[PDB]
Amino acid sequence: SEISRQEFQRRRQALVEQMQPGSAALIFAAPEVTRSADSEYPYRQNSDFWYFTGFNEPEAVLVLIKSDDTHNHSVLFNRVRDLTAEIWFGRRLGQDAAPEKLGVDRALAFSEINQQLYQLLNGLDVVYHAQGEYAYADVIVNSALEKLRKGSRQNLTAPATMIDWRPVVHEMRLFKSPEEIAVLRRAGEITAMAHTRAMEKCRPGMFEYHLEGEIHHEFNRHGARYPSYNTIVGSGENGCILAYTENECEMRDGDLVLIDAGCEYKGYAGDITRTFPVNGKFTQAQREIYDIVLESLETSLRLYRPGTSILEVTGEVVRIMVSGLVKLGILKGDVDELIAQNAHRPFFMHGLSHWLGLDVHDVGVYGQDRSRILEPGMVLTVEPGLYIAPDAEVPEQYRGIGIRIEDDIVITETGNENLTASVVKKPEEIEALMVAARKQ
């Protein structure tokens, strides 16, 4: 599953529909990023630029011009064909091929952007620009507007109104098309396969980074070359560090390992967390904490639907957590009083859910305290966890236990669809999977 030229075009048209007549929208590509000295990190296109183009080159700018309420057109600035640059660094789309390939009306060399952009903006009323997104982009836009402002003797005029298109575009991104959901479903499947593999490969004495290696290889083999975020493999006390990425320790017989990893497939993020015993068998203490986190996740998965909110579901999770922690003696007191005091916060200190899409922490307005009412087409994670610090003032057997279990879901008309349920999470199923693997 992928996103096609025609869908990128529909998105551009949907933006144009929202624009004022006599306006232009400017969407800039991500800069290349140095890793060390003359070597660069693998290129990652800006998500908003990607959303409107599917074009994976730097030094590119999409310009959507809405001349009036019926007439509009698109111009792409992009790198020119250049034999020498291409022999060295790779092929470039260039200007001749771009209109047909991408479905834009005109393409111009990026090297000419300062000579041409002001001409496209001249006489317009409004420019849509994400001010502050990139320095290089602000320089280009500010230079063009200055030429126009100062050019009255050449009959030039600048648009007086600049509107940030991020709020409009991020609201578009928040609601996925069926094609996007299909891509995210595949990302979920690929990510789940990787997590199953990690559980099947894990043995005491392996390093945390070995499981990262297994996961990344699995992503690759299905065509997801890069992860969507830096993979977390936190064994033992490291599982109590939320975004632990050092992954440098030897995994010990008797510890849990928490793996938070997700692929990037056609631009879209998977995001799964599983926690499991390094030796294939939960201890009693580990199981007691795990059961609370799993009940939190299972309850959330029953509840998420149009018309509820992340805030509302979080309330149910907090009750499950406080109730369970009281039963184990980790918290002491009356459940309702403890809930009123947010007594769970030392052990569950992050949010239950975030939006998911072209970014792992995806764009879109949450509302105050994540109170926004859910609607079909929203995609979000569900990620309860409990983290009992090595020095917590709790019964000793629970110290140093970090557990998170996370699935990705899409809100549907009828509830939600779980995109990541193909990797096991019930403790007996985890144990069975690992027992079967350990016998090979």
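So that there is no doubt, residue numbering starts at 1 and follows the sequence shown.
For the pair 72 to 80 and 213 to 221, the mean B factor over Cα atoms is greater in 72 to 80. Stretch comparison (88 to 96 versus 276 to 284) by mean CA B-factor in the PDB entry places 88 to 96 on top.
Out of 181, 104, 289, 190, the entry records its largest CA B-factor for 104. Within the group 173, 344, 195, 305, the record's highest C-alpha temperature factor is found at 344. Annotation for residue 177: C-alpha temperature factor in the lowest third relative to the rest of the modelled chain, per the entry. Ranked by C-alpha B-factor against the other modelled residues of its chain, residue 385 falls in the middle third. Residue 44 sits in the lowest third of its chain by CA B factor, as recorded in the PDB entry.
Looking at the C-alpha B-factors along this chain, the one for residue 18 belongs to the highest third. Per the deposited record, the Cα B-factor of residue 61 falls in the middle third when ranked against the other modelled residues of its chain.
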